Amino acid sequence: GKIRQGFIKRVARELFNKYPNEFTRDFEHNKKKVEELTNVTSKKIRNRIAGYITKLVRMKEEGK
Amino acid sequence: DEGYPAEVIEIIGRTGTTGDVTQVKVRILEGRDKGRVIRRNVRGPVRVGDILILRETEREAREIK
Amino acid sequence: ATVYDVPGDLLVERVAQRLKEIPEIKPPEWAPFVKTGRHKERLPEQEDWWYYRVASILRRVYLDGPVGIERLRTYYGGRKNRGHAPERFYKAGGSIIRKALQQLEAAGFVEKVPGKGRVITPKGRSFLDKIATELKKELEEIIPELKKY
Amino acid sequence: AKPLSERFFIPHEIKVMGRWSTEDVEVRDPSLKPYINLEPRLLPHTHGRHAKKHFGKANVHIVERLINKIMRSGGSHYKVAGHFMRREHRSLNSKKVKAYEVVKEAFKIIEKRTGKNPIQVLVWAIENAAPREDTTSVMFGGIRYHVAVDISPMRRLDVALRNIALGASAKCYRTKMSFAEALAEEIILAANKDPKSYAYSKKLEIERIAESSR
Amino acid sequence: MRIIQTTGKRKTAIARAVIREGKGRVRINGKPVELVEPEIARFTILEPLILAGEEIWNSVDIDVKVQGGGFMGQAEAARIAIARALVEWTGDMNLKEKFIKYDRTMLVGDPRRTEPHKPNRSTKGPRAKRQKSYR
RNA sequence: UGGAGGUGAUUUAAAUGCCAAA
RNA sequence: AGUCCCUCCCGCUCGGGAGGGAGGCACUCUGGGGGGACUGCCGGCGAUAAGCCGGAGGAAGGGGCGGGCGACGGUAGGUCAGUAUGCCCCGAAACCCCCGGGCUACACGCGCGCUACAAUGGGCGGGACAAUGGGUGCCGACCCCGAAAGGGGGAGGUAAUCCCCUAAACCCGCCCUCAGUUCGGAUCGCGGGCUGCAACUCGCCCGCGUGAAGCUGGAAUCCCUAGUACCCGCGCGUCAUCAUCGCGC
Ligand SMILES: [Mg+2]
Ligand SMILES: [Mg+2]
Ligand SMILES: [Mg+2]
Ligand SMILES: [Mg+2]
Ligand SMILES: [Mg+2]
Ligand SMILES: [Mg+2]
Ligand SMILES: [Mg+2]
Ligand SMILES: [Mg+2]
């Protein structure tokens, strides 16, 4: 089961609202931005957060 | 004496006492009733596009849920 | 052509046939009564197994010298059936190998490096390589791909 | 014994074991046609990379399938011709070299005795030994009953191969015949619909029982 | 004077191959490849050469040093090294395309390794267990 | 959403509770 | 691996090999740091959510694979014969030492295994390829003596340096040809050795001889989904000597 974790979602939503004009639909750009904007040390957690942020960006751009 | 080939076009679901049997829909390719579509029970792994060799083409499996 | 260019068993057979002309190679007096190791069960069946063993030892020294008695004993060991117990690996005896090496040295084919073992002399290397060349000349008539090597 | 030209054999074309071509082999049965792999290939040894994925065994050369089928003991937990055949330590399990040699010698014998391409004879045997209707069991009142069903092509191929292997294994057990000779004899008998073949008789019995319980 | 080196790995067997211009001589630890036994091992090494063709085969010399593993593991590592050396030396993508169709593992390798053993009949395997009794 | 009635059917066999708690 | 020098072999050397010294960090390896995979991309189902199914590219694809870590409680489950500990007992014996016995007995029932009942073999000669670990109360190369088990000297090693350490299944050639046998090796006789203060009760190894049941197993019943199961050997623990065991390769 590939179920996203709660704190991943929470931190991703907090980052998205704080800097709406900072993330694009590109995974690498979001990965670097997440690396620089937080104190996360685990490489896996960074990837999870960046992926969810990418999904959020493309979902809001589509307008739901 | 040699049977009739039929082609599987749809998978319905598993059945049997231990889930060993699959129910499918087949289309007759040769013989008296060529072109008709009937449902059958099959033992063994099966996928869409396979061809079965029926020894007679008048028995139809009872529908399962 | 060198020893590396021919199958081992054919070369051993040819060398064993050739070694019977060397006066210094003679089976010892206790040869007809012994086994070739504690892991065997019956006596050797060939009436001239001594020459085969000597030829094998010579080719062994050619390829892995310097080498001593103990490592050769390891090489000639094998699996033993122990009745109701599981099979196990065991080493071979020492008298056969030591006598063969001493006879080969007396023939001038090997020499002793102190503290290290025994190595092949130029005479022995020539003796082996000539037979290897002859065998390869015979062999490539039926395997044309060997003419390149 | 064996000539040096055979001990050191060098191939130059992509063909089965460097000795036989499968260009003219044809499969008559429409159902087994896409499940008998006959693509050009030199060495039939895929190192078991196919069992992981679903339907992965479809694209494995038929000769390697036979080699894997005979790489066994034979009679572990059911009786073949009225006997358990537990080979144990002397069994051929996990020795792919010996099975390879057995198959090669059997193919040589088949080609010598009939004068045809061995792969063609093998295809004919598996075509004749594959059943078309089977049965499944139900329980009522403490009694077991049979109900007739149909067989998918891949299971047909598996059953044919297993029965050929079992017949060959039974023929050489504690007799003067060797394994290669038994395999060749079984294949030849099955190709001619001879009842003395274990696989053909087994197929006939299976289909009879299935018919008598529609 | 071109010299190219390649590497192959297969379950603790390691092979290093060196390829250069030559006459068609291939040696495995100093032995000509035509004398490798048993036959099933010899055909494993020869497949990339047969696929490449006779013109390419007779124009190069290959020497392979392989250590570790067993007699079947060593042959496959040599096969991988030879295939990589061939595709790099000639540098044409038609041959590389042909190898992938025949056998992908020739170029990507095989990552399988043994699984460590576990208690309850450890010496047999990680999953085989002692027979269970109730009375 | 939650309730009250009616008509049909319902695939072999399958008994018992010692020791102990004291 | 490429380059240089010296020596020795072969078809007499155009060519092809093997050692040694210089020299090098290319390749393998060793071990610190970093990258890489996120349902990220594409098509469907579902609700447009959560997710699911199927493809591309990729060393790796959907907890990537294998392990460690076991919540609040219960089981009057096991352990006071590992250690800690209350109560009751012995307290000149139920405490402390020494000698000899026993735990190793044998009409019989049961658990887990090893060896077999043979050709998918037995014997003899020859040819190939490992990994994990361990070593100063120790590992011991190399030489000599002996038919074997073993015996007498003894380099190097407090160890990526020296040693245990040239595995077996597998391949090639010859004998045996379906037989209680050239299958099986239990049981017993004579002789030779090692450890130890001591080998009868009660140790392990070697040579010759002897040659039991067993010819595939009723009702029942166990393990296992991929480098997994089956088959084959090896290392460490225990250890003066002793492995059909445990944990690993
Ligand atoms: Mg050997
Ligand atoms: Mg045995
Ligand atoms: Mg394993
Ligand atoms: Mg209790
Ligand atoms: Mg006891
Ligand atoms: Mg015997
Ligand atoms: Mg005694
Ligand atoms: Mg018998």
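Every chain is numbered from 1 and lettered A, B, ... according to where its sequence line falls, protein lines coming before strand lines. Excluded from the calculations below are hydrogen atoms, water molecules and symmetry mates; all remaining heavy atoms, backbone and side chain alike, are included.
- An anti orientation is assigned to G/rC190, its glycosidic angle lying beyond 90° of 0.
- In this structure, CG in C/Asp5 is found 8.5 Å from CG in C/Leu146, a value given to the nearest 0.5 Å.
- Using the sign of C1'-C2'-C3'-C4' as the criterion, G/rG227 is classed as a south pucker.
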**Request:** Determine which bases of RNA chain F form Watson-Crick or G-U wobble pairs with both distances under 3.5 Å, and write the result as a 5' to 3' dot-bracket string with | for other-strand partners.
**Result:** ......................
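- Groove contacts of D/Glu88 are confined to the major groove, judged by side-chain heavy atoms lying under 5.0 Å from groove-edge base atoms.
- Stacking is not found between E/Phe71 and the pyrimidine-like six-membered ring of the G/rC129 base under the 5.5 Å centre-distance and 30° plane-angle cut-offs.
- Among G/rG64, G/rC9, G/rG11, the nucleotide with an atom closest to any side-chain atom of A/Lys2 is G/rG64.
- Within the 4.0 angstrom heavy-atom criterion, no nucleotide atom of any strand lies near E/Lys31.
- Among residues two or more places apart in sequence or in another chain, the side-chain hydrogen bond (donor to acceptor under 3.5 Å, both in side chains) test is passed with E/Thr6 by none.
- Contact annotation for C/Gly68: backbone-only contact, meaning every heavy-atom pair under 4.0 Å involves sugar-phosphate atoms and none involves a base.
- Between the side chains of C/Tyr75 and C/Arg60, at least one donor N or O lies within less than 3.5 Å of an accepting N or O.
- In this structure, D/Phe140 forms an aromatic stack with the base of F/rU11, since both conditions hold: centre separation below 5.5 Å and plane angle below 30°.
- Of the candidates G/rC172, G/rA18, G/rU115, G/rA18 carries the atom nearest the C/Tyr4 side chain, counting heavy atoms from C-beta on.
- Among the atoms of the strands shown, only primed sugar atoms or phosphate atoms (P, OP1, OP2) are found under 4.0 Å from some heavy atom of E/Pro119.
- Looking at heavy-atom distances under 4.0 Å, D/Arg72 makes contact with a base.
- The bases G/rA148 and G/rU181 are not paired as Watson-Crick or G-U wobble with both atom distances under 3.5 Å.
- The separation between C/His39 atom NE2 and G/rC206 atom P is 13 Å, rounded to whole Å.
- Taken together, G/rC117 and G/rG217 meet the test for a Watson-Crick or G-U wobble pair: both N-N or N-O distances fall under 3.5 Å.
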